[PDB]
Amino acid sequence: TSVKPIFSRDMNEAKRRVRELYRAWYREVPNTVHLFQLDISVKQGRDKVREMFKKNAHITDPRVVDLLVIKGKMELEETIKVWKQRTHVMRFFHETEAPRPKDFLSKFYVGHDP
Amino acid sequence: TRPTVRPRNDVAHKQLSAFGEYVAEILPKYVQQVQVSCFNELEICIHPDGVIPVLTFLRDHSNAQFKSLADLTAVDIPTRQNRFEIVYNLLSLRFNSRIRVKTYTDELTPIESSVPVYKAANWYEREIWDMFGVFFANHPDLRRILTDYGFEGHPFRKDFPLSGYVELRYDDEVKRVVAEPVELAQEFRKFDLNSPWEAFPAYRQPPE
Amino acid sequence: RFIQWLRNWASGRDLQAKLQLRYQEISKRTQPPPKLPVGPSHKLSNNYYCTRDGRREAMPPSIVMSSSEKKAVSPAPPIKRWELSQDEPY
Amino acid sequence: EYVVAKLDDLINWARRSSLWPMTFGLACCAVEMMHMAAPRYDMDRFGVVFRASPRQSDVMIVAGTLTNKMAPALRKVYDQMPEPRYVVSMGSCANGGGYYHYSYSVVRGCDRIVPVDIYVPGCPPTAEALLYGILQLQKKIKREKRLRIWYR
Amino acid sequence: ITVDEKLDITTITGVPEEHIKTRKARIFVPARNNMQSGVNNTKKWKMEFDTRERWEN
Amino acid sequence: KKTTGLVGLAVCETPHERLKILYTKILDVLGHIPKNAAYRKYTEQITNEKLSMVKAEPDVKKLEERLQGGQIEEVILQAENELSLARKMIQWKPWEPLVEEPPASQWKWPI
Amino acid sequence: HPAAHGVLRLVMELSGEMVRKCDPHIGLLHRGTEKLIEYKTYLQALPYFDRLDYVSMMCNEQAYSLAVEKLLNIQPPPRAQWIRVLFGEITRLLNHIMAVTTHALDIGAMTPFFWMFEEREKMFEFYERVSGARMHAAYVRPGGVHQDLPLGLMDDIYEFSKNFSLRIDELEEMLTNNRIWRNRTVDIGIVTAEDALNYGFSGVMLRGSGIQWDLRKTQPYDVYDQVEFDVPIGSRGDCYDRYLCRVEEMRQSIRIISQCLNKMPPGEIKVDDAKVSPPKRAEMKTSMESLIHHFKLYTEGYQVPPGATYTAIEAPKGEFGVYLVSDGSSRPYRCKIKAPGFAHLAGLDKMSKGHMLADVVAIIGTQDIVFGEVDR
Amino acid sequence: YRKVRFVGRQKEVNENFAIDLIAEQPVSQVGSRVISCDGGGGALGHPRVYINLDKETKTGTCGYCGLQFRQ
Amino acid sequence: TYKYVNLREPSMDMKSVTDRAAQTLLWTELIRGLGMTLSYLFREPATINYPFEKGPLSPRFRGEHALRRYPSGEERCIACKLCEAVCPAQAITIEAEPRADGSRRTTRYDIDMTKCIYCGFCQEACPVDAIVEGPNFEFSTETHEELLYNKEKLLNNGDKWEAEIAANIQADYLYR
Amino acid sequence: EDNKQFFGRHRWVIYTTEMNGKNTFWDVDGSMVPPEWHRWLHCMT
Amino acid sequence: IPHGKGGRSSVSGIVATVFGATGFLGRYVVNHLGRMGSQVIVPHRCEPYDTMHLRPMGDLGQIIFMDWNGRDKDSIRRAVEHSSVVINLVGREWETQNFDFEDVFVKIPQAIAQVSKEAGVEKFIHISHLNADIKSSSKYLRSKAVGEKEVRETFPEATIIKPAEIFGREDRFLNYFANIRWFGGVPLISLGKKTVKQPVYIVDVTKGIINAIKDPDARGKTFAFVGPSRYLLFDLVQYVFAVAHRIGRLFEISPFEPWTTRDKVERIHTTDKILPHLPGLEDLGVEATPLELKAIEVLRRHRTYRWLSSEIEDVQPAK
Ligand SMILES: NC(=O)c1ccc[n+]([C@@H]2O[C@H](COP(=O)([O-])OP(=O)(O)OC[C@H]3O[C@@H](n4cnc5c(N)ncnc54)[C@H](OP(=O)(O)O)[C@@H]3O)[C@@H](O)[C@H]2O)c1
Ligand code: SF4
Ligand code: SF4
Ligand code: SF4
Ligand SMILES: [Zn+2]
């Protein structure tokens, strides 16, 4: 592997960097719930964040984790400020979309092998 | 040959031959291929470590000013073992000449950004980040330009199919304007226009 | 009339290049049937492909690349300056 | 009766005597609307004054091309308009999107956001088939609010 | 410098949605639409994906 | 003159001896680059042909010809920044041989 | 509302009354352009360059046809070059009517908008008589002009263009020696340094401030060397003396039109060798060899050899460049457009600091920003 | 199932048909071997094609021309 | 070459300052400037009175679609599939079938009037000279369900006039 | 048709009453014209 | 028959016919049928403009509009000919000054239980209310029980629905309260004895239908909709003022669309929590929604930012 990294070196500065920005998002859940005038319960906004970080824990490599940092670092520009007009935030909460079957027999009635 | 065929000249075909001969002679740390385009233009292949210096050599000098950055672009190419292709382009305002800087790269390998050498490439580099995913290093302001706040595909590359995934709509189920899975009302027919017989003999690939 | 010379005491005076072409000097139509020639080597016995060859020109000629008292030659002779265009340059 | 249904020969005439259009000039069909406000096919003073503010307008005219990043800013502006509001889409991109119907970043049709009354087709319609478009909108106003409270 | 040599398999994720595990790709050599006889249509390995439903609008 | 042509520059002040300082200011620096580079071999040649035309001849206008810079304040700035290139040219080493050949099939365009 | 009629959302952390920080947001009209030309042929994807500006109609497609003729090794025939100049120097009386009127409508003058568009409709007449249509004409092809212009247009351009110098003699008395408009525009937005070239600007907001250069008489296009004209320069570096290029270029474009009516050789229009041009309708209807090159030039396109290229013309606000990588078959590879708005609007944040907020709307009009061309 | 879209819409459909309006033509006769039909007038209509009229029992309407042609 | 504009100093003497100080103080501009250039209202206004008067056009104009047919009818189309291969916007949708007489024709023919970008590429690709951009901008229907065209709309729309269209093409086929 | 003393407003038409199921005079839509005056009203020949 | 994903622009087999469909209850149904996609033939009475916000629900050719008076036979026998299901929700509040109000719940659900029944429809559905009892209340609440009884004669298997009281988004039930910025807040009648009812959430009642519209085997088995958790108190009226912190009518105003100094003050306080042996909502699964989550949204007065919500209720007793 002959390529320079982005920020980290090996497995330790990376896995303290990802723990840094989690304390930003944990602080900046109960701000946007009134900064956009959106009416839900505040514990919903904290459940989505602790859901989202456990998704990517299958990585065995540096600078891939560092790539996800840059996306995670960027969103705190728009979210902590007011650049999303109430609608780009609420797309994480799929309220409209109908539930998927996800079990074998219910797929077999409706749909040609999804 | 005849009318309605472009007349060439050997003047610029000799001068731009002779000029960029010694851009490989005096920086042989970075420049690894130079070739002359048949329509009197210059290409110069540069290893991605020499992203800043060979610009910086050009940026000010007595023999090659090249003080205008016309166009920064980027091309993606699968089957190359190093995907992308960053192509710089400059303008000698004292001399009326062009030269292009073709630096190859990859996704994960960063490129040292040309922000300090030219302040023209501030917006030409936030853009390429959005459209391919090249991470230009130490950029003073990296953001999201020309895309929506929900795209995660970097769509101008070959893996993003033409219509997106997120075809949008409205409903009165609350008040919002909400996304959906993509749902076309026509197939988008894909025609086939690539006809055989190999009409071009000059550009012919080696036989194998 | 009194409304005519009042337009002549104000904003110059033209009376010939009026805005609307609604008056005379306006072109009506055109009569003839048009006939258009076909000139550039359309004919026979000399005018002929493989001499006409509007394509099939070679690849870009590469110069010496990888795998002598040069006088530091510029890409071109530098730009000589311009005139000042004697119509009314100031 | 003859008393009540006569009154909508005034209110449905007052509502069609002066429309105040908002416009969304976004793309090439902005310019071919501005020639209608240019005094050849002069838009104003054939009944309908040109542009005003979003609080005061009756009948908006969508033009141009609606991407993703304009879709919420349309619907917000449509809300502030009053109750007797109407929507006209000109242009062949607010009808199913011109071309760019197949590219990722276009709301495919602009009826998917608002309910639109009169569709006017043509890459730029010639400001000649747009006065014919709005003179179809005035002919649409033959409705009555009488014989609604007087029937049910 | 800081060239930090190691070996780990490059696998990327996040960009599509669910079509990673649902769809198996297919690499093939195209072979000569036989109504004619020119062989320039060969010589390039391609890939192409699965076909799914096409109903009627 | 009071207008320097290109706005953003200024006529301040002296030609014909502001230049000849800045050529020989670089020639001291130009001697330092460890001589097997072709960079010294050309850059020494372009300044000597310059200054042999420069020092020391009237008019102001005649120096514009035979040394094809622009107007005289801008002719300063062609050589003013070549100094700023020159001290950077020691730092990295262009004169060293080639590093990291690309993997033998990258610059072959029709795929 | 209409600061460009409904686009350009920008944030301004204004320092009390001055701005001192300004950072706009583009992408409200993106449409997916450059992704979508990869799935078309050359002739078929031509009317998406016409829609890439708004108001330049024949100035775009002049820099697409010229960027494909280079790849083909074909020149256009001689009459096909004196048509392109009679149109490519008549759209420079349309892009400069708009930049001197809608600028002066944002400021607040009412009539010269109405006073010029009433006159402008004598000139959208001329597109309809030649191509067929009102604004977006698919006329220029990669082998010259589509078809011949009718019997006429030389007694009707001549009646028009002999009476335009009075209409431009009205704006001189509306605006130039006017005091309030001179007060609204002097010494405002003075970006003049070699940071006004490090930003990579094209023309005016160059040459109107200093550096004399333009690509019409330092490079050729066409038979375009055979006309004579001068290129107006500015003295100081502000908006009022990059305004005065646009008033002065419109007088010089009348000279290049009146020099173009005298010189047109009669002859053909299409490139003759028929692998690029389609043949006549009275030709594909008698002979046999004409269908095989009429039919197959409409199922698939041409065949163009590989290798990249780049070019530049003088669009009436800047450049227009195409980096058109062609692979070697009927559908092209990447087609990267260079347009202004990347240079002309990245250099607003330098230009705006120190002045008021009501100076900022005065700045933007002089760059002549047309959106959909920030889709570069 | 489908016919509800034109309830009170009058269902505007074609009136004349050219499914067979060929047959009212007085099919032309020549007494020759091969004839041209650039039918519909010169420089308009379909391109010129040469038909053999020797058999049972007509040329074959040129493939393009539609009009019944014979000897 | 060159030209210099706004590069001139003032005179700055005793005479011409009073010429300029009569300007700023007693307004020799701004009344002689624009109290006279505006009025100048005494020209005749140029307004097309639209429901009765209509504006000029040209015999190559683009607009509503049509399908012509021969002298005594043949439905001039032959379903040769070119007007659908060079629509840039993929509007046309043709599905042929061997008709019972032996000559081939269409069954379905569909032109969207919304994806129609109005090229003139259908008009010029046709060998048998059938599908013609007809010269009538009369439009403005009220439903998106309507602007989709079938085959048996276009013929009706193409036989509402052919005295209009065939006067146009006979004038203009001599160039193309 | 006027006295050739105009252009654009020199070919004015009049409508009368109830072409094919219309009102008295208070509905004129402009599409009532026969498809022959399209060759004339629009100054196309 | 169905095809593909049911997101939009699919077929989904069914061809409904939803009468009414302009009011708060009828509109919100059609929104969920303009998603899965189906020929939802909606006829309307006299409203060209008031139905315009219904069109961006049917994709392209999904919905279709017709006019119909209701008393005439064939005006409702022309739309019911091509159908699969047909549900009814027609009706109103107070007697109008043109109609008779008595047989409007008797003959008019029978006027669409006419040859509509004969022509070949199935799964015909009517509505009920949890308080419509033939005991002497009320002029509206009974004579709905006539519609429960006198229309049950025809179509002996319907699955007539009996929803609870509804709170929603644009409703009238809860909105009749907190619109009493007035010279006093007078409860009914200065007592908190039987308050409150079961305020079921309107998304559940429009989710019960679309799970019953292809259930299958739900015909004749009438259903009754469970409400929130759990009963409620008079604290409701105090809870409404807790967070609040104190169509096609006419051209200017409609002078009579009143608050009804009549039965309406007691048309809602007669509670009658009916038979819990009705199946009636959870078996028509799956939906169970409280009040204290969806209570912030529809209550909206002049503070508009600061809520600081903590107001709640225990169960109340007899839970
Ligand atoms: N389940 C419950 O909790 C509950 C509560 C209250 C009322 N309801 C009753 O259940 C249904 C719910 O309707 P809703 O909540 O949406 O309120 P709604 O205002 O009654 O809407 C129902 C529609 O029926 C229309 N209508 C009234 N009389 C009509 C007639 N003779 N012919 C045709 N249409 C007539 C109404 O006006 P238009 O004619 O203009 O369309 C209205 O659009 C109604 O029948 C209602 O009386 C139920
Ligand atoms: S497609 Fe039509 S509406 Fe869209 S930009 Fe082009 S001309 Fe304007
Ligand atoms: S008009 Fe021509 S291209 Fe179109 S279907 Fe008929 S034959 Fe084919
Ligand atoms: S005008 Fe052009 S885009 Fe429209 S149908 Fe004809 S060929 Fe297709
Ligand atoms: Zn024939």
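Scroll up to find the structure this text is about.
Calculation rules
- Residues numbered from 1 in each chain as written, not as in the entry; some residues may be left out.
- Chains lettered and ligands numbered in written order.
- Part of a larger assembly, values for the part shown.
- Heavy atoms only, no water.
- Residues with missing side-chain atoms left out of burial classes, pairs and counts.
- Donors = N, O, S within 2.8 Å, 3.2 Å for Na, K, Ca; no water.
- Helix = DSSP H or I, 4+ residues; strand = E, 2+ residues; numbered from the N terminus.
- Buried < 20%, exposed > 50% of the residue type's maximum accessible area, 1.4 Å probe, protein only.
- Contact = heavy atoms within 4.5 Å.
- Salt bridge = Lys/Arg side-chain N within 4 Å of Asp/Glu carboxyl O.
- Pairing = 2+ DSSP bridges.
- Near = heavy atom within 4 Å.
- Polar contact = N/O pair within 3.5 Å; in protein donor to acceptor, adjacent residues only side chain to side chain.
- Areas by Shrake-Rupley, 256 points an atom, 1.4 Å probe, with all protein chains shown as cover.
- Nonpolar A, V, L, I, M, F, W, Y, C, P; charged D, E, K, R; others polar.
- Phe/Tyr/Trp six-rings, centres within 6.5 Å; stacked < 30°, edge-to-face > 60°.
- Buried area = accessible area lost by both parts, 1.4 Å probe.
- Axes fitted to C-alpha atoms, helices over the stretch in contact; angles between N-to-C directions.
- Parallel < 35°, antiparallel > 145°, perpendicular 65-115°, else oblique.
- Left-handed = near helix turned anticlockwise from the far one by under 90°.
- Patch = residues over 30% accessible without salt bridge, like charges linked within 9 Å, V, L, I, M, F, W, Y side chains within 5 Å.
- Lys, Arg positive; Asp, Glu negative; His and termini not counted.
- Charge placed at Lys NZ, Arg CZ, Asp CG, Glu CD.

(A) Geometry of the coordination of the zinc ion (ligand 5). Residues and elements named next belong to chain H. Surrounding the zinc ion (ligand 5) are the protein donor atoms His46 (NE2) and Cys65 (SG), at 2.3 to 2.5 Å. Of this pair, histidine 46 sits in the loop between β1 (34-36) and β2 (50-52) while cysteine 65 sits in the segment after β2, and the two are 19 residues apart along the sequence. Exposure remark for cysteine 65: the relative accessible area of 6% places this residue in the buried category.

(B) Quick peek at the arrangement of the chains. There are 31 pairs of chains in contact here; the most contacts are made by chains B and G. Chain A makes no contact with chain I; the smallest distance between any of their C-alpha atoms is 25 Å. The two units chain G and chain K never meet; even their closest C-alpha atoms stay 23 Å apart.

(C) Molecular detail of the pattern of salt bridges. Applying the stated criterion across every chain, the model contains 57 salt bridges over all chains. We note a salt bridge from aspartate 171 of chain B to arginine 169 of chain B, for which the minimum N-O separation is 3.8 Å. For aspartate 171 of chain B, a relative accessible area of 2% corresponds to the buried category. In this structure, the salt-bridge partner of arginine 35 of chain K is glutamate 173 of chain B, at a minimum N-O distance of 2.5 Å.

(D) Up close: the sheet that holds strand β3 (residues 104-112) of chain I. In space, the three strands of this open sheet follow the order β2-β3-β4 (chain I), with antiparallel pairing throughout. Every interior strand has two partners, whereas the edge strands, β2 (93-98) and β4 (148-149) of chain I, have only one.

(E) Structural detail: the site of ligand 1. Taken together, 20 residues sit near ligand 1, with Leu25, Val90, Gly91, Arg92 and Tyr140 of chain K positioned nearest. One finds residues of chains D and K in close proximity to ligand 1. Here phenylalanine 24 of chain K contributes a backbone N or O atom positioned 3.2 Å from an oxygen atom of ligand 1. Between an oxygen atom of ligand 1 and a main-chain N or O atom of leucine 89 of chain K, the distance comes to 3.1 Å. The protein chains hide 80% of the 860 Å² of surface that ligand 1 would expose on its own. Tallied by class, the residues present in the shell around ligand 1 amount to ten nonpolar, six polar and four charged.

(F) Local environment of the pairing of strand β1 (residues 31-37) of chain B. Residue and element names in this part refer to chain B. Counting buried positions along β1 gives six out of seven residues, so the element sits mostly inside the fold. One ladder, built from six bridges, connects β1 with strand β2 (residues 41-46); its direction is antiparallel. Considered in β2, the bridge of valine 31 is made with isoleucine 46. The turn joining β1 and β2, which pair antiparallel and follow one another in sequence, is formed by three residues; a positive phi near 60° is taken by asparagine 40.

(G) Structural context of the packing of aromatic side chains. Under the definition given, this model contains 51 aromatic pairs over all chains. Relative to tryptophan 259 of chain K, the ring of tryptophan 182 of chain K lies with its centre 5.5 Å away and its plane at 75°, an arrangement referred to as edge-to-face. Given the relative accessible area of 54%, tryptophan 259 of chain K is considered exposed. Through pairs of rings, three or more aromatic residues link up here, namely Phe188 of chain B, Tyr99, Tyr100 and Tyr102 of chain D together with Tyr39 and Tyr48 of chain G.

(H) Structural detail: unusual backbone geometry. Cis peptide bonds are those with omega within 30 degrees of zero, and the linkage from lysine 55 of chain F to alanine 56 of chain F qualifies with -10°. Position of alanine 56 of chain F relative to the elements: it lies in the loop between α2 (38-54) and α3 (72-91). Residues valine 315 of chain K and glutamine 316 of chain K are joined by a peptide bond in cis, for which omega reads -5°. Examined against the element boundaries, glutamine 316 of chain K turns out to sit in the segment after α5 (235-244). With a phi angle near 75°, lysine 43 of chain E is a residue other than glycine that sits in the positive phi range. Mapped onto the fold, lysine 43 of chain E is located in the loop between β1 (26-28) and β2 (46-48). We classify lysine 43 of chain E as exposed; its relative accessible area is 56%. Positive phi is not limited to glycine here, since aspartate 272 of chain K has a value of about 55°.

(I) Structural view of the interface of chain G and chain B. Taken together, the contacts link 52 residues of chain G with 51 residues of chain B. For the pair chain G and chain B, the summed buried surface comes to about 5,000 Å²; carbon and sulfur atoms form 57% of the total. In terms of surface lost to chain B, no three residues of chain G exceed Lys35, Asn198 and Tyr310 of chain G, which account for 14% of the buried area on that side. Where chain G packs against chain B, one counts three salt bridges. Note that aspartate 195 of chain G is salt-bridged to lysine 119 of chain B, the shortest N-O span being 2.8 Å. Applying the counting criterion to the chain G and chain B interface returns 14 residue pairs in polar contact. Listed by contribution, the elements that provide at least two residues to the side of chain G that touches chain B are β2 (22-25), α1 (62-72), α10 (195-198), β8 (335-338) and α13 (343-346) of chain G. In the side of chain G that touches chain B, the residues fall into 23 nonpolar, 16 polar and 13 charged.

(J) Just the packing of helix α1 (residues 19-30) of chain F against α2 of chain F, in detail. Residues and elements named next belong to chain F. Where α1 meets α2, the closest approach of the two axes is 11 Å, and the angle between their N-to-C directions is 155°. Here α1 lies roughly antiparallel to α2, going by the angle between them. α1 and α2 meet at a crossing whose hand is left-handed. Within the contact between the two elements, α1 uses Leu19, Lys20, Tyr23, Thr24, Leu27 and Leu30 and α2 uses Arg40, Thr43, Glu44, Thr47, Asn48, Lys50, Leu51 and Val54.

(K) A negative patch on the surface, seen in detail. A cluster of acidic residues, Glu97 of chain A, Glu152 of chain B together with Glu17 and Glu18 of chain E, forms a negative patch on the protein surface. Looking at where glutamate 152 of chain B falls in the secondary structure, it is placed in the segment after β8 (136-137).

(L) Focus on the sheet that holds strand β4 (residues 118-119) of chain D. Residue and element names in this part refer to chain D. Spatially, four strands are ordered β1-β2-β3-β4 in an open sheet, and the strand pairing comes out parallel. A strand with exactly one partner marks an edge of an open sheet, and here the two such strands are β1 (23-24) and β4. One ladder, built from two bridges, connects β1 with strand β2 (residues 59-62); its direction is parallel. Across the sheet, the residue bridging to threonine 23 is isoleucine 61, located in β2.

(M) Local environment of the side chain of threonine 41 of chain G. Along the chain, the position of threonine 41 of chain G falls in the loop between β2 and α1. Engagement of the side chain of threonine 41 of chain G in a polar contact is seen with the side chain of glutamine 44 of chain G, the distance being 3.3 Å. Residues in contact with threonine 41 of chain G, not counting those within four places in the same chain, are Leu193 of chain B together with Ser330, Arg331 and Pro332 of chain G.

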